[PDB]
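Taking it in order: structure first as structure tokens, then the write-up.
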Amino acid sequence: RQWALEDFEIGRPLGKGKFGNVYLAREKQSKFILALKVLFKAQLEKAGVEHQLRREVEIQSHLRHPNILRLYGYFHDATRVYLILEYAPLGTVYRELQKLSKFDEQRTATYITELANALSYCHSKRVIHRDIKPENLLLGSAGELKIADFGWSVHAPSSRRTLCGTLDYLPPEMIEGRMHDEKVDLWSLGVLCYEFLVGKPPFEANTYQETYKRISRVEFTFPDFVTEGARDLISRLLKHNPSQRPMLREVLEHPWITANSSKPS
Ligand SMILES: Nc1ncnc2c1ncn2[C@@H]1O[C@H](CO)[C@@H](O)[C@H]1O
């Protein structure tokens with residue numbers, strides 16, 4: 001229940017983040033393989049994330065889902081923060097997107113279904129992720145999608161804010177500073193589905209200021225190859241009005257999703 005660094009053997013780095021680095025690790029006692037994410041307190045303090053970390057650790061620990069990355073434990077070096085995480089052999093969706101350039105409809109539909117299932121579970125338990133991007137999505141050995149990086153996640157409805165980072169996956173309401181609900185995740189689902197098929201985010205721009213306008217205006221276009229079934233789901237998800245956005249169940253039962261999805265709703 002209480003861990004120390006000595007209990008682990010550290011391997012190659014899985015990932016780097018401004019706050020920290022993620023390492024492959026093996027628990028000595030069990031030979032269990034897992035990902036160890038290392039954060040210095042000092043980097044952490046300057047930003048007011050110390051409370052943010054507490055929210056991430058608590059929510060992820062008590063959540064159990066096939067499509068949600070598992071947090072096994074946490075401990076603190078003097079002074080470093082260590083997170084013990086499930087290890088995903090197939091890596092990030094973001095990496096997969098770079099290699100394939102774009103995802104086929106069958107693969108896209110499956111990720112959405114898995115995402116939707118995980119989100120339904122999250123929403124049921126009163127959790128909203130609020131930050132869903134391919135960099136935050138991991139792949140299981142079976143190749144199943146697993147959601148991760150719950151830091152920005154919070155209980156809703158809530159007012160938690162845009163200043164620090166890229167706006168590509170943020171809803172108009174969050175960027176505009178209006179209070180937001182679970183619908184924020186539905187918007188994210190719409191952005192991801194578009195990015196998977198097109199290979200780029202719908203509101204992507206050279207400029208932060210320009211992206212802000214695109215999101216607020218909600219002006220996006222479809223390449224010719226995107227199917228009408230795909231367009232319909234995307235258009236429904238990307239709605240300036242959160243109330244107009246469909247429920248997760250609606251997404252799961254959508255004809256395009258049902259037809260092209262390997263995994264059942
Ligand atoms: N368990 C893990 N397996 C593989 N990569 C991971 C894991 N946890 C975090 N990462 C990587 O480290 C980054 C920081 O969380 C992620 O965006 C991802 O690239």
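The figures here come from the full heavy-atom set of this structure, side chains too, leaving out hydrogens, waters and symmetry mates. The residues of the chain are indexed from 1 along the displayed sequence.
Residues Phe203 and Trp187 place their aromatic rings such that the two centres sit under 6.0 Å apart.
Under 3.5 Å, the side chains of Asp232 and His254 contain a donor-acceptor pair of N or O atoms.
Side chain of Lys28 to backbone of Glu6: a donor-acceptor contact under 3.5 angstrom is found. In this structure a side-chain-to-backbone donor-acceptor pair under 3.5 Å is present from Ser30 to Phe32. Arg245 places a side-chain N or O within donor-acceptor distance of the main-chain N or O of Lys239, the cut-off being under 3.5 Å. Distance alone, capped at 3.5 Å, places no donor-acceptor pair between the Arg70 side chain and the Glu86 backbone. With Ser153 contributing its side chain and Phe150 its backbone, the two residues share a donor-acceptor pair below 3.5 Å. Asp185 places a side-chain N or O within 3.5 Å of a backbone atom of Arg130 that can act as its donor or acceptor partner.
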Apply side chain to side chain donor-acceptor pair (under 3.5 Å) to residues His129 and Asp149 and explain how you reach the verdict.
CA-CA 9 Å; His129 209 261; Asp149 288 10; over 6 Å; no
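For the side-chain hydrogen bond (donor to acceptor under 3.5 Å, both in side chains) test, no residue two or more places apart in sequence or in another chain qualifies with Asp181. Partners of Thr108 according to the side-chain hydrogen bond (donor to acceptor under 3.5 Å, both in side chains) rule, which considers only residues two or more places apart in sequence or in another chain, do not exist here.
In this structure, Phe196 and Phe103 have tilted ring planes: the angle between them lies in the 30° to 60° band.
Using a 4.0 Å cut-off between charged nitrogen and carboxylate oxygen, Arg107 and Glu96 count as a salt-bridge pair.
Few gaps surround OH on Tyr208; more than 12 heavy atoms of other groups in view lie less than 6.0 Å from it.
When the options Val154, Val49, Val127 are evaluated for a side chain to side chain contact (heavy atoms under 4.5 Å, CB included) with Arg55, the one that passes is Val154.
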